[PDB]
Every structure is written in structure tokens, then in C-alpha cells.
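So the structure is just underneath, and the comments pick up after that.
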Amino acid sequence: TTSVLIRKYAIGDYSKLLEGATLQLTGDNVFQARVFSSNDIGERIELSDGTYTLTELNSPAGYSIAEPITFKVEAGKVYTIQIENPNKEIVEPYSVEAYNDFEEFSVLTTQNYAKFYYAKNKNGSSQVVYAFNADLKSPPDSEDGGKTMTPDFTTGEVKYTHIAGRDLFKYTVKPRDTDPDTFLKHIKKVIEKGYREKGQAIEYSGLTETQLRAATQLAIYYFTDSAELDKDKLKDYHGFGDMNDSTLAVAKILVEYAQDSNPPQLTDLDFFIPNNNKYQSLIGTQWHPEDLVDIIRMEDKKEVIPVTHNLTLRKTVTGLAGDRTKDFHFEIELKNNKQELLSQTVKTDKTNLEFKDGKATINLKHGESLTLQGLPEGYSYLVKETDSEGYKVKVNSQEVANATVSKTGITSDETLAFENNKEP
């Protein structure tokens with residue numbers, strides 16, 4: 001039976017796992033549902049075949065609650081929606097070494113390439129690897145072929161989590177593609193035709209191993225950082241001015257092959273993510289599935305606009321025939337900044353309010369009010385008083401025939417003062 005780890009990550013920052021999220025895992029077989037706190041390495045569980053569901057009961061301060069993940073365990077494998085689980089990672093994260101071999105020398109034209117990146121395989125050998133982010137820091141310098149590494153000044157030793165390169169789109173900063181799967185194919189085929197191993201046959205006449213590696217790396221950038229393969233535009237671009245014309249031409253051949261319709265011959269590649277977000281993620285040239293186990297990966301959204309707002313409803317009844325102890329009812333529909341219904345709990349000065357598919361219902365009598373709290377920037381409301389029968393209705397002193405009002409793009413606190421009038 002199947003090993004899984006439940007790991008909580010923050011969208012956009014994978015340098016460590018996101019701790020203190022309250023998580024619940026639910027199934028439907030003979031399996032005991034359980035609650036736990038997301039932690040720095042993952043939650044290890046051994047599971048029988050069946051269908052399970054991970055739910056976030058709530059999130060660390062400053063994060064949205066994520067959508068529940070449903071997955072199925074079958075015959076030692078994990079499936080989700082239907083595909084086979086793409087998240088395969090090592091058990092001790094940020095434990096793999098990668099380094100830039102600071103003492104290796106070989107030029108592009110006039111100047112040492114010096115982007116000689118490697119990750120250490122479990123058995124001690126070194127695989128060639130390539131940067132995925134052209135502006136972040138390279139793997140730590142080693143002066144002795146990867147046996148010792150310069151630490152980072154602030155976070156210390158920089159090590160990496162080894163994952164299967166699937167779903168690599170999210171680590172790109174400025175990619176050309178918009179389809180994740182298309183993107184992945186592009187990447188695997190660049191690697192397919194580029195430099196992978198010491199002493200391999202260089203299909204391209206007159207290039208050194210190092211010049212191919214440079215070509216390969218620039219091709220990756222084409223796709224990951226939208227690098228323009230043009231000698232003019234490259235003059236000052238991370239040392240690629242020193243790239244001669246034929247070496248550049250190969251880089252083009254790699255991009256053009258990858259863009260073509262052939263399936264990738266590579267099924268899978270190692271990928272590495274560093275424990276410092278200013279450093280670059282690395283795409284490997286080899287594939288080592290022995291160490292990788294299934295991860296149920298849930299990604300929490302950083303709360304992007306820390307500013308939140310209040311919305312107050314009031315009821316006042318007037319005229320000689322107005323029932324001051326009638327409960328008037330209000331249907332409230334909220335949509336967020338990006339035009340999406342709110343399926344979440346909401347805080348008030350009284351008891352809390354669950355919103356189901358953008359909606360919720362409250363009531364008030366003459367003199368009662370209710371303040372909603374902590375609604376996002378750019379939110380919009382639609383609010384209706386549902387039982388106005390008999391009463392002339394004004395909202396913020398405006399006659400409102402169908403007892404309904406709306407407002408989009410709200411950048412501050414807002415008030416809806418309903419008047420219910422009934423004269424005899």
C-alpha cells in the first residue's frame with residue numbers, strides 16, 4: 001500500500017513549505033479521517049486504495065483557504081482530476097546539493113562560460129543542470145568540484161528539493177507559453193537535443209561541449225524568461241554577448257526542434273527547487289525516480305491586497321403604520337475583485353456568516369444593524385430586501401422600487417441604510 005506526503009506550499013514561493021495550515025483528510029473505506037497542522041517536511045501517511053479528499057479547515061494568517069483536493073489511490077499509484085499524480089518529490093526536502101563549478105574553464109568566444117551548473121545525484125555523481133530563472137542567483141560556488149559550497153550570507157547552505165519535472169510552468173518568471181503541458185514538452189525536447197552528459201556525441205560540427213551547454217541554457221531561457229535569440233538584443237544579457245554566431249544558431253535549432261510536433265522522447269526529468277527564493281530553480285538532464293514519492297500538494301494563495309473593508313446594513317422603519325419589530329430580510333450576493341462568487345465565512349460584529357456560492361441571508365428590525373468585516377479590495381455587492389411588501393423602500397434616501405441596489409469596485413467602507421416606510 002501507498003505512501004503519500006501531504007505538503008502545503010505558498011503560491012509563488014516554494015523555498016519552504018507553508019506551516020500552520022489546519023488540514024483534514026477524508027475518505028470512504030475501512031480509513032479513519034484525521035486533522036493535522038501543515039509542517040516543514042510533509043505529513044506522511046500510508047493509504048489503502050480508495051478515494052480521499054484533502055480540505056483546509058483554515059489557513060495561516062494572510063492566506064486564502066484553498067480548494068479541496070480529491071484524489072484516488074489505486075494499486076500503488078495516485079490519481080487526481082483524470083490523470084496520474086504529477087507531484088513526485090523526495091522525502092527530506094531541501095536536502096539535495098547543487099553547485100556552480102567555479103574552477104571549470106571553457107569559453108563561448110573570448111570569455112569563460114562559467115555557468116557550469118550541476119546537481120549531486122544520490123550515488124555521488126553529478127548531473128548537468130540548467131537555470132530556469134535567468135535573473136535569480138546561480139547555485140552556490142564550489143571551488144572543489146562540488147564537495148564544499150559557498151553558503152548564502154543570510155540563509156546559509158543552499159540546498160534543493162528534487163522533484164519530478166512535471167508541472168514546471170509555475171516556476172517560470174516570464175514564459176512565452178500559456179499552456180502548462182505545451183510548455184513542459186518544449187522544455188524536455190530542448191534537453192533532449194542539448195547537452196546532457198560529459199563526452200556525448202556533439203551532433204553540431206565545430207561546437208565544444210561547453211558551447212552546446214550554453215546553447216542549451218539559452219534555449220531554456222527562450223521559453224522560461226522569453227529570451228530573444230538575437231545577437232543585438234543579447235549583447236548585455238547575462239554574458240551571452242560572448243556567444244558566437246554558430247553557437248547561437250544551434251540554440252535556434254534547439255528551440256525550433258522543441259516547437260515542432262514530434263513527441264518528446266524523454267518521459268521525465270529531475271528538477272530542483274532551492275531553499276532561498278532569490279535563487280534559481282534548476283532543470284536537470286537526468287531522471288531518478290527511485291527517491292520520489294507521491295505528494296498531495298496543496299497551494300495556498302498569498303493575500304495579495306492586504307487592505308480589507310467593511311460593509312454596514314441598517315434598517316429604519318417609518319410612518320404611523322410601520323412594524324418596528326418586524327424582521328426584514330436581506331439577500332446579499334458578493335463577488336470579489338476578479339468577478340468571482342464568495343464561497344467563504346465572513347466576520348461581523350455579531351455571529352459569523354457563511355457565504356455559499358456568493359450568497360447569504362440576514363435579517364434586521366428597526367434600529368438593528370450589522371457590519372460585515374474584512375472584505376477584499378475591488379469587491380462588489382448586490383443586496384436586496386426580500387420582504388418589502390406593503391412598504392415604500394428607500395436606500396440611502398433614494399427610492400428603490402425593486403428594493404435592490406448594487407455597487408462594483410469598492411475601495412473603502414460602504415453603508416446601506418434601508419428605510420422602510422408605511423403610512424396609513
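Starting from 1 in every chain, residues are counted up; chains themselves are A, B, ... following the order of the C-alpha cells, and ligands are numbered from 1 as listed.
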Leaving out stretch 391-397 of chain A and any residue of its chain fewer than 6 positions from it, which residues lie within 9 Å of it when counting only C-alpha atoms, given as number ranges by chain?
A: 322, 385, 403-405, 415-423
Put those residues in a file: N, CA, C and O atoms, as a PDB file, in the first residue's frame.
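After the write, out-v3.pdb holds the following:
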```
ATOM      1  N   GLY A 322     -45.792  51.435  10.618  1.00  0.00           N
ATOM      2  CA  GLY A 322     -44.604  50.604  10.421  1.00  0.00           C
ATOM      3  C   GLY A 322     -44.303  49.688  11.604  1.00  0.00           C
ATOM      4  O   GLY A 322     -44.192  50.151  12.737  1.00  0.00           O
ATOM      5  N   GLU A 385     -33.675  43.660  -0.293  1.00  0.00           N
ATOM      6  CA  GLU A 385     -34.613  43.448   0.770  1.00  0.00           C
ATOM      7  C   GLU A 385     -35.768  42.636   0.195  1.00  0.00           C
ATOM      8  O   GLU A 385     -36.515  43.117  -0.668  1.00  0.00           O
ATOM      9  N   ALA A 403     -36.510  47.346  -4.404  1.00  0.00           N
ATOM     10  CA  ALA A 403     -35.802  47.159  -3.129  1.00  0.00           C
ATOM     11  C   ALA A 403     -34.387  46.600  -3.256  1.00  0.00           C
ATOM     12  O   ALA A 403     -33.863  46.029  -2.295  1.00  0.00           O
ATOM     13  N   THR A 404     -33.761  46.790  -4.423  1.00  0.00           N
ATOM     14  CA  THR A 404     -32.449  46.203  -4.720  1.00  0.00           C
ATOM     15  C   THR A 404     -31.416  47.259  -5.158  1.00  0.00           C
ATOM     16  O   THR A 404     -31.746  48.138  -5.956  1.00  0.00           O
ATOM     17  N   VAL A 405     -30.164  47.121  -4.704  1.00  0.00           N
ATOM     18  CA  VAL A 405     -29.070  48.022  -5.102  1.00  0.00           C
ATOM     19  C   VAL A 405     -27.763  47.287  -5.339  1.00  0.00           C
ATOM     20  O   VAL A 405     -27.549  46.222  -4.763  1.00  0.00           O
ATOM     21  N   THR A 415     -21.901  51.916   3.262  1.00  0.00           N
ATOM     22  CA  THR A 415     -23.080  51.767   4.102  1.00  0.00           C
ATOM     23  C   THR A 415     -24.382  51.738   3.300  1.00  0.00           C
ATOM     24  O   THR A 415     -24.605  52.573   2.444  1.00  0.00           O
ATOM     25  N   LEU A 416     -25.242  50.776   3.615  1.00  0.00           N
ATOM     26  CA  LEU A 416     -26.596  50.711   3.069  1.00  0.00           C
ATOM     27  C   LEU A 416     -27.643  50.899   4.167  1.00  0.00           C
ATOM     28  O   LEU A 416     -27.904  49.990   4.966  1.00  0.00           O
ATOM     29  N   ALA A 417     -28.232  52.093   4.202  1.00  0.00           N
ATOM     30  CA  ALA A 417     -29.233  52.442   5.188  1.00  0.00           C
ATOM     31  C   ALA A 417     -30.609  52.319   4.547  1.00  0.00           C
ATOM     32  O   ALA A 417     -31.068  53.211   3.829  1.00  0.00           O
ATOM     33  N   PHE A 418     -31.275  51.211   4.829  1.00  0.00           N
ATOM     34  CA  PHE A 418     -32.593  50.967   4.280  1.00  0.00           C
ATOM     35  C   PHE A 418     -33.642  51.663   5.120  1.00  0.00           C
ATOM     36  O   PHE A 418     -33.637  51.534   6.351  1.00  0.00           O
ATOM     37  N   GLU A 419     -34.522  52.418   4.459  1.00  0.00           N
ATOM     38  CA  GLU A 419     -35.719  52.928   5.119  1.00  0.00           C
ATOM     39  C   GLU A 419     -36.898  52.110   4.646  1.00  0.00           C
ATOM     40  O   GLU A 419     -37.098  51.928   3.456  1.00  0.00           O
ATOM     41  N   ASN A 420     -37.685  51.616   5.583  1.00  0.00           N
ATOM     42  CA  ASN A 420     -38.947  51.024   5.234  1.00  0.00           C
ATOM     43  C   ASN A 420     -40.063  51.927   5.766  1.00  0.00           C
ATOM     44  O   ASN A 420     -40.209  52.114   6.980  1.00  0.00           O
ATOM     45  N   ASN A 421     -40.803  52.547   4.847  1.00  0.00           N
ATOM     46  CA  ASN A 421     -41.868  53.474   5.204  1.00  0.00           C
ATOM     47  C   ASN A 421     -43.215  52.793   5.029  1.00  0.00           C
ATOM     48  O   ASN A 421     -43.404  52.042   4.082  1.00  0.00           O
ATOM     49  N   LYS A 422     -44.152  53.039   5.943  1.00  0.00           N
ATOM     50  CA  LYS A 422     -45.560  52.657   5.713  1.00  0.00           C
ATOM     51  C   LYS A 422     -46.535  53.603   6.417  1.00  0.00           C
ATOM     52  O   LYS A 422     -46.696  53.575   7.654  1.00  0.00           O
ATOM     53  N   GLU A 423     -47.164  54.441   5.597  1.00  0.00           N
ATOM     54  CA  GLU A 423     -48.122  55.435   6.051  1.00  0.00           C
ATOM     55  C   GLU A 423     -49.498  54.748   5.983  1.00  0.00           C
ATOM     56  O   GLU A 423     -49.675  53.840   5.160  1.00  0.00           O
TER      57      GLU A 423
END
```
Can you tell me, as a PyMOL selection string, which residues in stretch 87-201 of chain A count as alpha helix (DSSP H) by DSSP?
chain A and resi 180-193
Which neighbours of stretch 190-199 of chain A fall inside 12 Å, counting only C-alpha atoms, when residues of the same chain fewer than 5 positions from it are skipped, and could you give them as a ChimeraX atom specification?
/A:116-118,125-130,165,183-185,204,207-224,247,250-260,262-270,283-287
I'd like the contact shell of residue A:55 - 10 Å cut-off, only C-alpha atoms, skipping same-chain residues fewer than 6 positions apart - returned as a compact mmCIF listing (two decimals) with N, CA and C atoms, in the first residue's frame.
```
# COMPACT_ATOMS: atom_id res chain seq x y z
N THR A 22 -4.37 24.25 8.92
CA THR A 22 -5.12 23.20 9.56
C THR A 22 -5.79 22.40 8.45
N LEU A 23 -5.40 21.13 8.31
CA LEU A 23 -5.81 20.30 7.20
C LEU A 23 -6.57 19.07 7.65
N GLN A 24 -7.53 18.65 6.81
CA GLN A 24 -8.34 17.47 7.08
C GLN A 24 -8.37 16.56 5.90
N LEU A 25 -8.18 15.29 6.17
CA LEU A 25 -8.15 14.28 5.14
C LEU A 25 -9.26 13.27 5.40
N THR A 26 -10.08 13.09 4.38
CA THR A 26 -11.35 12.41 4.45
C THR A 26 -11.37 11.34 3.38
N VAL A 35 -7.38 15.12 11.37
CA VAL A 35 -6.96 16.51 11.24
C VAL A 35 -5.50 16.71 11.70
N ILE A 65 -8.17 30.40 1.95
CA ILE A 65 -8.38 28.98 2.03
C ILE A 65 -8.41 28.44 0.61
N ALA A 66 -7.72 27.33 0.38
CA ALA A 66 -7.63 26.70 -0.94
C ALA A 66 -8.79 25.75 -1.22
N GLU A 67 -8.92 25.37 -2.48
CA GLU A 67 -9.96 24.47 -2.92
C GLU A 67 -9.60 23.07 -2.51
N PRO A 68 -10.58 22.26 -2.08
CA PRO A 68 -10.23 20.91 -1.63
C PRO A 68 -9.67 20.04 -2.73
N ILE A 69 -8.76 19.15 -2.40
CA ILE A 69 -8.16 18.27 -3.40
C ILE A 69 -8.77 16.90 -3.22
N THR A 70 -9.34 16.35 -4.29
CA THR A 70 -9.78 14.96 -4.25
C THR A 70 -8.87 14.06 -5.09
N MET A 298 -0.90 20.95 -1.92
CA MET A 298 -1.93 21.98 -1.87
C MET A 298 -1.25 23.32 -1.78
```
Give me, as a list in words, all polymer residues having an atom no more than 8 Å from residue A:113, counting only C-alpha atoms and skipping those fewer than 5 positions away in the same chain.
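So, after excluding close chain neighbours, the residues are residues 105, 106, 107, 108, 210, 214 and 239 of chain A.
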Atoms kept (C-alpha atoms) for selection, written as a PDB file, in the first residue's frame:
```pdb
ATOM      1  CA  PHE A 105      37.061  26.815 -17.645  1.00  0.00           C
ATOM      2  CA  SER A 106      35.946  26.775 -21.280  1.00  0.00           C
ATOM      3  CA  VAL A 107      34.896  29.790 -23.379  1.00  0.00           C
ATOM      4  CA  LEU A 108      31.991  30.808 -25.622  1.00  0.00           C
ATOM      5  CA  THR A 210      30.651  23.863 -23.363  1.00  0.00           C
ATOM      6  CA  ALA A 214      25.464  27.376 -23.423  1.00  0.00           C
ATOM      7  CA  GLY A 239      27.089  37.077 -20.514  1.00  0.00           C
TER       8      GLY A 239
END
```
Taking 4 positions as the minimum chain separation for residues in the same chain, which residues sit within 8 Å of residue A:50 when counting only C-alpha atoms? Answer as a list in words.
residues 27, 28, 29, 72, 73 and 74 of chain A
Please dump the current selection as a short mmCIF file (atom, residue, chain, number, x, y, z; two decimals), in the first residue's frame; keep N, CA, C and O atoms.
```
data_model
loop_
_atom_site.label_atom_id
_atom_site.label_comp_id
_atom_site.auth_asym_id
_atom_site.auth_seq_id
_atom_site.Cartn_x
_atom_site.Cartn_y
_atom_site.Cartn_z
N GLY A 27 -11.95 10.18 3.71
CA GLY A 27 -12.09 9.09 2.75
C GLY A 27 -13.46 8.45 2.87
O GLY A 27 -14.39 9.08 3.36
N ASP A 28 -13.56 7.19 2.44
CA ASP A 28 -14.88 6.48 2.33
C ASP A 28 -14.84 4.93 2.44
O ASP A 28 -15.76 4.26 1.98
N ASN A 29 -13.79 4.40 3.08
CA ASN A 29 -13.48 2.98 3.11
C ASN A 29 -13.17 2.50 4.55
O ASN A 29 -13.58 3.17 5.50
N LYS A 72 -7.43 9.70 -5.70
CA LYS A 72 -7.77 8.29 -5.66
C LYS A 72 -6.50 7.49 -5.62
O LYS A 72 -5.57 7.71 -6.42
N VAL A 73 -6.44 6.55 -4.68
CA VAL A 73 -5.28 5.66 -4.55
C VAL A 73 -5.68 4.34 -5.20
O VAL A 73 -6.74 3.82 -4.90
N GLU A 74 -4.85 3.82 -6.09
CA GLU A 74 -5.13 2.54 -6.75
C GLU A 74 -3.85 1.82 -7.16
O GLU A 74 -3.08 2.31 -7.99
#
```
Residues flagged strand (DSSP E or B) by DSSP in stretch 209-341 of chain A, as a PyMOL selection string:
chain A and resi 270-274+279+282-284+293-300+302+308-318+328-335+341
Got time to write the residues from that selection, N, CA and C atoms, as a tab-separated table (two decimals), in the first residue's frame?
```tsv
chain	number	residue	atom	x	y	z
A	270	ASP	N	14.64	15.16	-13.78
A	270	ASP	CA	14.78	15.71	-12.45
A	270	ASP	C	14.67	17.24	-12.46
A	271	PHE	N	14.09	17.80	-11.40
A	271	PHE	CA	14.00	19.24	-11.20
A	271	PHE	C	14.28	19.57	-9.75
A	272	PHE	N	14.92	20.70	-9.52
A	272	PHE	CA	15.38	21.15	-8.21
A	272	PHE	C	14.93	22.59	-7.88
A	273	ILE	N	14.45	22.72	-6.66
A	273	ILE	CA	13.94	23.99	-6.14
A	273	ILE	C	14.75	24.28	-4.89
A	274	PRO	N	15.38	25.46	-4.84
A	274	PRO	CA	16.21	25.87	-3.73
A	274	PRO	C	15.43	26.36	-2.51
A	279	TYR	N	17.18	32.50	-5.34
A	279	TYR	CA	17.99	31.58	-6.17
A	279	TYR	C	17.19	30.90	-7.26
A	282	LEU	N	16.42	24.71	-10.93
A	282	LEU	CA	17.24	24.02	-11.91
A	282	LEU	C	16.53	22.87	-12.58
A	283	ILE	N	16.68	22.76	-13.88
A	283	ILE	CA	16.06	21.69	-14.66
A	283	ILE	C	17.18	20.73	-14.98
A	284	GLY	N	17.01	19.46	-14.64
A	284	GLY	CA	18.07	18.50	-14.76
A	284	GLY	C	18.17	17.89	-16.14
A	293	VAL	N	8.46	10.15	-3.96
A	293	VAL	CA	7.23	9.54	-3.52
A	293	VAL	C	6.08	10.47	-3.88
A	294	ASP	N	4.86	9.98	-3.76
A	294	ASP	CA	3.70	10.80	-4.15
A	294	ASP	C	3.46	11.90	-3.13
A	295	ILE	N	3.22	13.10	-3.63
A	295	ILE	CA	2.89	14.20	-2.81
A	295	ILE	C	1.50	14.67	-3.15
A	296	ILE	N	0.70	14.91	-2.12
A	296	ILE	CA	-0.56	15.60	-2.30
A	296	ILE	C	-0.26	17.03	-2.00
A	297	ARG	N	-0.16	17.81	-3.05
A	297	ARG	CA	0.36	19.16	-2.96
A	297	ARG	C	-0.79	20.13	-2.96
A	298	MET	N	-0.90	20.95	-1.92
A	298	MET	CA	-1.93	21.98	-1.87
A	298	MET	C	-1.25	23.32	-1.78
A	299	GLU	N	-1.68	24.27	-2.61
A	299	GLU	CA	-1.02	25.57	-2.72
A	299	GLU	C	-1.90	26.72	-2.30
A	300	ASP	N	-1.49	27.39	-1.22
A	300	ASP	CA	-2.24	28.49	-0.61
A	300	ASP	C	-1.88	29.80	-1.24
A	302	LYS	N	-1.19	33.61	-1.35
A	302	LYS	CA	-0.83	34.83	-0.59
A	302	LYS	C	-1.95	35.85	-0.77
A	308	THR	N	-8.44	45.42	3.52
A	308	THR	CA	-9.79	44.85	3.59
A	308	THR	C	-10.76	45.83	4.21
A	309	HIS	N	-12.05	45.61	3.97
A	309	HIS	CA	-13.05	46.64	4.17
A	309	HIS	C	-14.33	46.17	4.84
A	310	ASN	N	-15.13	47.16	5.26
A	310	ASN	CA	-16.39	46.95	5.97
A	310	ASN	C	-17.61	47.41	5.18
A	311	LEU	N	-18.71	46.70	5.39
A	311	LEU	CA	-19.99	47.00	4.75
A	311	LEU	C	-21.09	46.89	5.80
A	312	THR	N	-21.77	48.00	6.06
A	312	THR	CA	-22.79	48.04	7.10
A	312	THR	C	-24.20	48.20	6.54
A	313	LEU	N	-25.12	47.31	6.95
A	313	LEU	CA	-26.55	47.42	6.61
A	313	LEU	C	-27.32	47.92	7.80
A	314	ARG	N	-28.26	48.83	7.58
A	314	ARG	CA	-29.10	49.34	8.66
A	314	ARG	C	-30.55	49.26	8.26
A	315	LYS	N	-31.43	49.11	9.23
A	315	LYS	CA	-32.85	49.18	8.95
A	315	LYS	C	-33.49	50.23	9.82
A	316	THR	N	-34.28	51.08	9.18
A	316	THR	CA	-35.12	52.02	9.89
A	316	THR	C	-36.51	51.93	9.32
A	317	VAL	N	-37.51	51.92	10.20
A	317	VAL	CA	-38.91	51.86	9.80
A	317	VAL	C	-39.57	53.18	10.14
A	318	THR	N	-40.42	53.68	9.25
A	318	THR	CA	-41.10	54.97	9.46
A	318	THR	C	-42.56	54.94	9.04
A	328	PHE	N	-37.06	42.27	8.71
A	328	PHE	CA	-36.92	42.42	7.28
A	328	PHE	C	-35.72	41.59	6.88
A	329	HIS	N	-35.80	40.94	5.71
A	329	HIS	CA	-34.76	40.02	5.25
A	329	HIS	C	-34.00	40.58	4.06
A	330	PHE	N	-32.70	40.32	4.05
A	330	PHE	CA	-31.79	40.85	3.05
A	330	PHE	C	-30.96	39.73	2.45
A	331	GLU	N	-31.10	39.50	1.14
A	331	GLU	CA	-30.23	38.58	0.43
A	331	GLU	C	-29.02	39.38	-0.02
A	332	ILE	N	-27.82	38.93	0.33
A	332	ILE	CA	-26.57	39.59	-0.07
A	332	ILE	C	-25.73	38.69	-0.97
A	333	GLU	N	-25.42	39.16	-2.17
A	333	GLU	CA	-24.52	38.46	-3.08
A	333	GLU	C	-23.23	39.26	-3.19
A	334	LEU	N	-22.10	38.63	-2.89
A	334	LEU	CA	-20.80	39.28	-3.02
A	334	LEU	C	-19.98	38.64	-4.11
A	335	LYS	N	-19.32	39.46	-4.91
A	335	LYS	CA	-18.33	38.98	-5.86
A	335	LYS	C	-17.03	39.71	-5.60
A	341	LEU	N	-17.67	34.60	-7.30
A	341	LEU	CA	-18.55	34.49	-6.14
A	341	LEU	C	-17.75	34.12	-4.90
```
Can you pull out every residue within 9 Å of residue A:231, counting only C-alpha atoms, but drop anything in the same chain fewer than 6 positions away, and send it as a ChimeraX atom specification?
/A:240-241,243-245,248
Between A:307, A:81, A:362, A:320, which has the minimum distance to residue A:377 (counting only C-alpha atoms)?
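Comparing A:307, A:81, A:362, A:320 against residue A:377, the winner is A:307.
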Given only C-alpha atoms as the basis, pick out the residue of A:399, A:225, A:56, A:157 nearest to residue A:133.
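With only C-alpha atoms as the atom set, the closest residue is A:225.
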